[PDB]
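Descriptive structure summary
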Amino acid sequence: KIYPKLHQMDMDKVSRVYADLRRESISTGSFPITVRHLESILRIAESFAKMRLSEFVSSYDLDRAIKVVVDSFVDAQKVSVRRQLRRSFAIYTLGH
Amino acid sequence: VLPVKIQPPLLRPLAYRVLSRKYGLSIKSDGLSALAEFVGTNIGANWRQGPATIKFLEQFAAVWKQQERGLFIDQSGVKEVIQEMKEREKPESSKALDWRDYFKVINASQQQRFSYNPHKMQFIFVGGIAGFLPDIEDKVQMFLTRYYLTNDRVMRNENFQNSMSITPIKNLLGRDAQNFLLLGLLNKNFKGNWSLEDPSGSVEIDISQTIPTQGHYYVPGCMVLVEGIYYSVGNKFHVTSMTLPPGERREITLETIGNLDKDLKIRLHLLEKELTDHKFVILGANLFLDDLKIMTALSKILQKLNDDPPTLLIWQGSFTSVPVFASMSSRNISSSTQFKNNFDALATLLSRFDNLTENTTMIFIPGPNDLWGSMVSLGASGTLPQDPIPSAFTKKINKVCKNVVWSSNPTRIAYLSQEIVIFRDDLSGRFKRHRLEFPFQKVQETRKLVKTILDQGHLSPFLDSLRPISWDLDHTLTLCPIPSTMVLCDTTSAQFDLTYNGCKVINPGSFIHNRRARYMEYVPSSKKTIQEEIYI
Amino acid sequence: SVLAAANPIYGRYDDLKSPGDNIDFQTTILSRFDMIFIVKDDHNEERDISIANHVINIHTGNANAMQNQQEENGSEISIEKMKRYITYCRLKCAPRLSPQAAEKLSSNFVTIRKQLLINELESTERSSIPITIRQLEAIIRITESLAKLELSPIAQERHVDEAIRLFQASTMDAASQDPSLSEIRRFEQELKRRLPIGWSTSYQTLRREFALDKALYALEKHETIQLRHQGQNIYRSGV
Amino acid sequence: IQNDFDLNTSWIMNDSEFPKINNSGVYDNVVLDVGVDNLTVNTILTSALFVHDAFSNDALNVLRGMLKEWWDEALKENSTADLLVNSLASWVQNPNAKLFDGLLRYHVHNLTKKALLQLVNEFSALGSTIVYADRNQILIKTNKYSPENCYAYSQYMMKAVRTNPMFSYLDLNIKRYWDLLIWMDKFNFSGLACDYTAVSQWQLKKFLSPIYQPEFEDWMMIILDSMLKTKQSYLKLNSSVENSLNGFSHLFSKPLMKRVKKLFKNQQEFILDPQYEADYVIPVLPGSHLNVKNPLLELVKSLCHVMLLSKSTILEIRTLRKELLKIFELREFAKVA
């Protein structure tokens, strides 16, 4: 009975996150970052909006999805580059 | 002839009755008002203007061929054309035809874009601060258009005269030892061996044991007609005889292009006979104003011309002794302002002659050491379609005279039905330097130069790495119509006057050969030239 | 017509491995296909931003407006209209090549096979992507389809040029993928020591010094040299 | 052959752009404003220590020998010798010279480029990163935190540079000492200069509306003072991933946010009303290429950028920028922001 919509959002933040994810995937990484991982952010944001029974995806529900995706990407990297990757991606998870 | 003012409302019925019903022309309110003004001025009581309107509409339909006659430009144009046809018949005007309305000079930046549709068509193509910057596709097609023009010339001349066909270079691949006749652009491969470039591809050529036509200059970038046997063992074309494409007469090109109206042709033909006594004076090359001796000699030349001023006084390039460039100095070296001082000094020696500088168009042609072109090239042969001398340096010279034109280096003259092309360039030196040797007097060399230029059909048949050319302004160098008169100015070639394939080629040479200020005189009516050497 | 989508072994293309190792299809099956596209993930930031901004617009309802506006503008065709047009073209026009078109097709097939032969000779191993007479018929069919969509009864040289471009962009691109070594190392060392870091040398001179000289292209990849004057000048870019 | 166009000759003629190494950030360490001199002369002198694009080696050797002679002469008392060394440095690139050669000038330019690159590498090996190098001056980030421990280290660095034969004739003098430096470009920098003088040369200020130019100038001084206070506190406590500056924004974050809110309300009141358009006007400068719709937003963008210059405090300044942009109801990653 819930189908949240992505009307209010900052597509620039998601685009920047996806570009950074791909750039760090090609160099010093092995997790494949395709467009599927761009759509995963939107799908996870919609699931988070479903949890609050909301009919519109809020900014918090998008920042949380971005944090989930970047965390899953970072934690699967080798321990040598994990600190650098976390430092690089910290600017998107500001607030938590 | 009685003046009267007639309002558009009363003229509107009859006006439409003829313009719209008889022929189908829509008249706007402003155009109707302008036509009413014209009728009221050139006739009174506005009753017997029916023939005037009929002539207007028939001329409009014969030439303009559109609707909405009331544009303030169509009406004015048709009225003017009626004026000249009435004048040649010998109202608004009953005077004699003036050549000034039929004399014009075309700059390299104001010609018509003519790109040839590869199958059979010569199309017409015709925006801001950087609106003059050519596009990349212009550079891509710069040589393709030239090849297509040369290929059309060959398909018109060679087969009807000599009947081997032209096989595109891409067709030589599977063939093992057959004989082919290729039309390609001679050039040097990046691997360092000669080759021919064609729109379909390229092939390396074995130039050993080749018999070339001795009456031509062969240089990289010129399009040649090689003949030989292809070999697939090493993918080489063993050329046997290679020659430049045959030239074409101008009249032949005119019927193919089909560009003139009949009345304009008749008027131009009439003033050709009427204007028998017109003299064109072509000055020498390298008018080094910085030199005091040349300055004094120019004074005597101008004094001699002052007695009988000619129609056009053409000034050749390199007006200053040293190339102009940004000079770091605190003196009056100031290569910019020193050019201004030289032109001001020219104004003093030129304004002194009242009889001269009057009823005499003064065309100036830039050279290798002129402003805005010598800044980067430092006096070398840089970009070919040179922009005219900047107007910032011509204040006094233009103020002194009343008809002075600053034109491009490859400029065009439209004095009559004939076209005159002026070109200042050291073609002989480059041709001799870059002519390739075959492992297998002076008049002969001049004939070789003229034949090479005309057979190539291009002002500079050179590679882009030897004479950079503005990509869009390449038609200004193509001799597609082969103009009747060409001023092939030069400084490294002996003065000559030769005719070839219906084209008259004249080279005034250097201004000072040994001790004389040589200059040339041209009479368009008699098509006869004469040099006037004056001792220093 | 068979439109088949596949996946090279190891998922990614893995261009480090040989082109024949990525593709597990036999030569026989690969020869049937007229165009064999090998797409790759560029990982280009400027393109990634564009793709992301397009996909987000797809998700946030903007597609249902933008596509409709484009279709009503006349720059697109609805499915129900393109289907009818395709049926009409297939049942109305069957173009046949003009002789000038046939000459171009033959002279291009010869070039393509020569390129494949030299690549095979250099690699000393049969190319995984084959070029055969069936591919000449493939170019013929592409030309005829290009003419067919315009309902032109005869296929001019425009269609031949575009069909050749399509084949070069798909099958020649698939076949041109590349992974002696001592010669390459010697050439790199000698040109690094001889040719200075900031100057340039012409390529005929390097030929005199001496082959295919793929080392220069490899160095161009590493951005240590740069061919600038239409390939006639080799300039050490600064590495 | 010199009178006709040649692609290689044309390229070597119209190519004089000098590479610049510029690193932007906040450098709490002491950085020295080293000003190089006699690079071209030293370069031709030490250049001793197939290619169609290169000048003749023998002519260059002749030039080197002659320059060596004049050099040694001027070293001993020789007036004309030094006059001529400086003049040669200046003539090589003079077309009016009666022996000027484009190939020679290009060769000298490449030698100078490579000598400067080698000097940068030498300074890096000595233990000091480079933040600027433009053939006339070089700025080195000495790792010595304490401004007192600067003179001996600097003199050791200059002597070590002079030890190398390649830079023996290269004379270097330190012009200024920066205790603190906020470096963006040559024309956009600020900091403490010698540790007591302070300079605010920000060309970004010229592109703000005249009402907000004093605001930017004042807030730059505030930011610099806060950075200085934080560095002093860190040094007192103790005596890049993380440097002395880690909470300098906390000193002025709240006053800045309140001031921005007040300025936004004032703008909303007076943005459209006349008699105030003389203040809310974007200046026209030769480099102007940006259309500005919210001059206050441009001011806060400039302040947030100069604060984001520091690598260590990226996160705490991004949070401040997000809070500032919340006032304009702008997203943190918006294109306009």
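Structure determination for this entry, per the PDB record, employed cryo-EM and reached 3.07 Å resolution.

1. A short note on the overall build of chain C
Within chain C, the regular secondary structure consists of 11 helices and five strands. Taken over the C-alpha trace, chain C has a radius of gyration of 23 Å; the compact-globule value for 239 residues is 18 Å, which it surpasses by more than 25%. Along the three orthogonal principal directions, the C-alpha set of chain C runs to about 65 × 50 × 40 Å.

2. With respect to empty space enclosed by the protein
Of the pockets and cavities examined, the largest cavity occupies roughly 40 Å³. Lining the largest cavity are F280(B), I282(B), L312(B), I314(B), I413(B), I420(B), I422(B), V487(B) and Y522(B).

3. A few points about the interface of chain A and chain C
If you look at the interface, chain A gives 19 residues, while chain C gives 15 residues. Between chain A and chain C, the buried area comes to about 1500 Å², and carbon and sulfur atoms account for 67% of it. The largest contributions to the chain A side of the interface with chain C come from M11(A), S15(A) and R22(A), which together make up 32% of the buried area. Here chain A and chain C share three salt bridges between them. In this structure, the connection of chain A to chain C is made through five residue pairs in polar contact.

4. A closer look at a negative patch on the surface
Residues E37(B), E80(B), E92(B), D98(B) and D101(B) make up a contiguous surface patch of negative charge. Locating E92(B) in the fold gives a position in the loop between α4 (74–89) and β1 (105–106).

5. Quick look at the pattern of salt bridges
Here the structure, examined in full by the defined rule, presents 41 salt bridges over all chains. Close ionic contact of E521(B) with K279(B) constitutes a salt bridge, the shortest N to O distance being 3.8 Å. Since its relative accessible area comes to 12%, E521(B) is described here as buried. Residues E332(D) and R321(D) are paired through a salt bridge, measuring 4.0 Å at the closest nitrogen-oxygen approach. Separated by 11 residues along the polypeptide, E332(D) in the segment after α10 (314–327) and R321(D) in helix α10 bring together distant segments of the chain. By relative accessible area, which is 8% here, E332(D) ends up buried. When salt bridges with common partners are traced through the structure, they connect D20(A), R23(A), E24(A) and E45(C) into a single cluster.

6. A word on the pairing of strand β3 (residues 31–37) of chain D
Residues and elements named next belong to chain D. Most of β3 is tucked away: six of the seven residues are buried. Bridge count for β3 against strand β5 (residues 138–142) is four bridges, and the pairing is antiparallel. Directly across from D33, in β5, lies its bridge partner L139. Alignment of β3 against strand β6 (residues 171–183), held across six bridges, turns out to be antiparallel. Its bridge partner being in β6, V34 is matched across the sheet by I174.

7. Points about the interface of chain C and chain D
Frequently, the measure chosen for interface size is the accessible area that the parts lose on association. The partner chain D presents 13 residues to the 15 residues of chain C that form the contact. Each partner contributes to the roughly 1300 Å² buried at the junction of chain C and chain D, and carbon and sulfur atoms together form 65% of this total. Counting across the chain C and chain D interface gives one salt bridge. Between the two partners, chain C and chain D, sit five residue pairs in polar contact. The set of elements that each furnish at least two residues to the side of chain C that touches chain D consists of β3 (200–202), α10 (203–209) and β5 (233–235) of chain C. Looking at the side of chain C that touches chain D, the element that brings in the most residues is β3(C), giving three residues. Each residue belonging to the side of chain C that touches chain D can be placed in one class, and the counts come to six nonpolar, seven polar and two charged.

8. Focus on a nonpolar patch on the surface
All names here are of chain C. A surface patch of nonpolar side chains, about 370 Å² in accessible area, is lined by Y85, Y88, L149 and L151. Structurally, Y88 is set in helix α5 (residues 79–92). Judged by relative accessible area, which is 45%, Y88 ranks as partly exposed.

9. Let's talk about the side chain of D4(D)
The residue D4(D) is located in the segment before α1 (7–13) in this model. Classification of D4(D) by relative accessible area gives buried; the value is 7%. Side-chain polar atoms of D4(D) contact the side chain of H434(B), separated by 3.1 Å. Beyond its immediate chain neighbours, meaning those up to four positions away, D4(D) contacts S381(B), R430(B), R433(B), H434(B) and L466(B).

10. A closer look at unusual backbone geometry
A positive phi angle, close to 60°, is found at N286(B), a residue other than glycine. Examined against the element boundaries, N286(B) turns out to sit in the loop between β9 (280–282) and α8 (292–307). A positive phi angle, near 55°, is found at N38(D), a position not held by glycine. Mapped onto the secondary structure, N38(D) falls in the loop between β3 and α2 (39–46).

11. Topic: the packing of aromatic side chains
Think of a pair of aromatic rings as described by two things: how far the centres are apart, and how the planes are tilted against each other in angle. The tally for this structure, following the rule as stated, stands at 38 aromatic pairs over all chains. An aromatic cluster is built from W315(B), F319(B), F339(B), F343(B), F364(B), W372(B), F393(B) and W406(B), whose rings are joined through pairwise contacts. Positioned above the aromatic ring of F38(B), the side-chain terminus of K79(B) is 5.9 Å from the ring centre. One cation-aromatic arrangement involves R318(D) over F333(D); the distance from NZ or CZ to the ring centre is 4.9 Å.

12. Re the packing of helix α12 (residues 427–434) of chain B against helix α13 (residues 442–456) of chain B
All names here are of chain B. Remark: α12 packs on α13, axes separated minimally by 11 Å, with the N-to-C direction vectors making an angle of 90°. Between α12 and α13, the interaxial angle falls into the category roughly perpendicular. Residues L427, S428 and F431 of α12 pack against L449, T452 and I453 of α13. For the contact of α12 with α13, a count of residues per class yields four nonpolar, two polar and no charged.

13. Re the nonpolar core
Formed by 46 residues in total, the largest nonpolar core has its most connected members in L182(B), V224(B) and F237(B). Examining the composition of this core, we find that four residues originate from one element, α13(B), more than from any other. Summarising the domain contributions, this core has at least three residues from each of domain 1 (103–158 + 245–535) and domain 2 (164–244) of chain B. When residues no more than four places from it in sequence are discounted, the contact partners of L182(B) are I166(B), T167(B), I169(B), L172(B), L196(B), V203(B), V224(B), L225(B), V226(B) and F237(B). Counting 41 residues, the second largest nonpolar core, distinct from the first, contains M220(D), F248(D), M257(D) and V260(D).

14. Points about the sheet that holds strand β13 (residues 411–413) of chain B
Residues and elements named next belong to chain B. With respect to topology, six strands assemble into an open sheet ordered β1-β13-β14-β15-β17-β16, the strand pairing being mixed. The open sheet has two edge strands with one neighbour each: β1 and β16 (496–500). By the bridge criterion, five bridges tie β16 to strand β17 (residues 503–507) in an arrangement that is antiparallel. Opposite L498, over in β17, you have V505 as the bridge partner. Against the sheet, α13 touches β15 (485–489), β16 and β17, its axis set at about 45° to β16.

15. Structural notes on the pairing of strand β4 (residues 128–133) of chain D
Residues in a regular strand point their side chains to alternate faces of the sheet. Residues and elements named next belong to chain D. With five of its six residues buried, β4 lies for the most part within the structure. Here strand β1 (residues 21–22) runs beside β4; their pairing, made up of two bridges, is antiparallel. What sits directly across from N22, in β4, is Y132. One ladder, built from five bridges, connects β4 with β5; its direction is antiparallel. From the neighbouring strand, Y132 faces β5, where its bridge partner is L139.

16. Details of the sheet that holds β3(C)
Strands pair in a sheet through their backbones, by hydrogen bonds, and they do so in one of two ways: parallel or antiparallel. All names here are of chain C. Spatially, β3-β5-β4 is the arrangement adopted by the three strands of the open sheet, whose pairing is antiparallel. One side of each edge strand has no neighbouring strand; the edge strands of this open sheet are β3 and β4 (226–227). In this structure, β3 lies alongside β5, joined through three bridges in antiparallel fashion. The residue bridging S202 from the neighbouring strand is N233, located in β5.

17. Points about the environment of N94(D)
Along the chain, the position of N94(D) falls in the loop between α4 (79–91) and α5 (102–126). Considered as a pair, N94(D) and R105(D) are 11 residues apart in the sequence and their alpha carbons are 9.0 Å apart. Here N94(D) is in contact with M328(B) and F100(D), once residues within four sequence places are set aside. Within polar-contact distance, the side chain of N94(D) engages the side chain of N96(D) at 3.1 Å.

The rules behind these values
- Residue labels reflect position in each chain's written sequence, counted from 1, rather than necessarily the entry's numbering. Residues lacking coordinates are not shown.
- Here the convention is simple: chains get letters from A, ligands get numbers from 1, in the order in which they are written.
- Readers should keep in mind that the chains presented make up only part of a larger assembly and that every value pertains to that part.
- To obtain the side-chain values, all non-hydrogen atoms of the structure were included, while hydrogens and water were left out.
- Residues with missing side-chain atoms are left out of burial classes, side-chain pairs and their counts.
- What counts as a helix is a DSSP run of H or I of at least four residues, what counts as a strand is a run of E of at least two, and both are numbered from the N terminus.
- For the radius of gyration, the atoms used are the C-alpha atoms, and the globule rule reads 2.2 Å times the number of residues raised to 0.38.
- A pocket, in this scheme, is an open set of points on a 1 Å grid over the protein atoms alone with protein on both sides within 12 Å along at least 5 of 7 lines, while a cavity is a set where a 1.4 Å probe fits but cannot get out; residues line either one if an atom lies within 4 Å of a point.
- Grid points are joined across faces, edges and corners, and a volume is the space filled by probe spheres set on the points.
- What makes two residues a contact is simply this: any of their non-hydrogen atoms within 4.5 Å.
- Joining two parts hides part of their accessible area as seen by a 1.4 Å probe, and the buried area is that hidden amount summed over both.
- Whenever a carboxyl oxygen of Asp or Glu lies within 4 Å of a side-chain nitrogen of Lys or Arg, that contact is scored as a salt bridge.
- Nitrogen and oxygen atoms within 3.5 Å of one another constitute a polar contact, given that in protein one can donate a hydrogen and the other can accept it, and given that sequence-neighbouring residues count only through two side-chain atoms.
- Within the patch definition used here, like charges are joined within 9 Å and nonpolar side chains (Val, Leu, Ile, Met, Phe, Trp, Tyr) within 5 Å, considering only residues with over 30% relative accessible area and no salt bridge.
- Calculation of accessible area relied on Shrake-Rupley with a 1.4 Å probe; when residues are assessed, cover is drawn exclusively from the protein chains displayed.
- Under the convention used here, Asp and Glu are negative, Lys and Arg are positive, and both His and the chain ends fall outside the count.
- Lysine's charge is taken at NZ, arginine's at CZ, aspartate's at CG and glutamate's at CD.
- When accessible area is computed with a 1.4 Å probe and restricted to protein chains, residues below 20% of their type maximum are described as buried, those above 50% as exposed, and intermediate ones as partly exposed.
- The rule for pairing is simple: two strands pair if DSSP sees at least two bridges between them.
- Classification convention: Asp, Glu, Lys, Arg as charged; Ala, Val, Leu, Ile, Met, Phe, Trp, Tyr, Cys, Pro as nonpolar; all other residues, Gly among them, as polar.
- A pair of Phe, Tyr and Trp rings is counted when the ring centres sit within 6.5 Å of each other, with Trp represented by its six-membered ring. The angle between the planes then sorts it: under 30 degrees is stacked, over 60 is edge-to-face, the rest tilted.
- Criterion for a charge above a ring: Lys NZ or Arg CZ within 6 Å of the ring centre, and within 35 degrees of the ring normal.
- Simply put, an axis is a line fit to the C-alpha atoms, just over the touching stretch for a helix, and the angle between two N-to-C directions goes from 0 to 180 degrees.
- Convention used here: angles under 35 degrees read as roughly parallel, angles over 145 as roughly antiparallel, angles from 65 to 115 as roughly perpendicular, and any remaining angle as oblique.
- Put simply, a nonpolar core is a bunch of buried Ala, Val, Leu, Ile, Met, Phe, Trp, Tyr and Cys residues held in one set by side-chain atoms that sit within 4.5 Å of each other.
- Delimitation of the domains relies on an automatic or database domain assignment.

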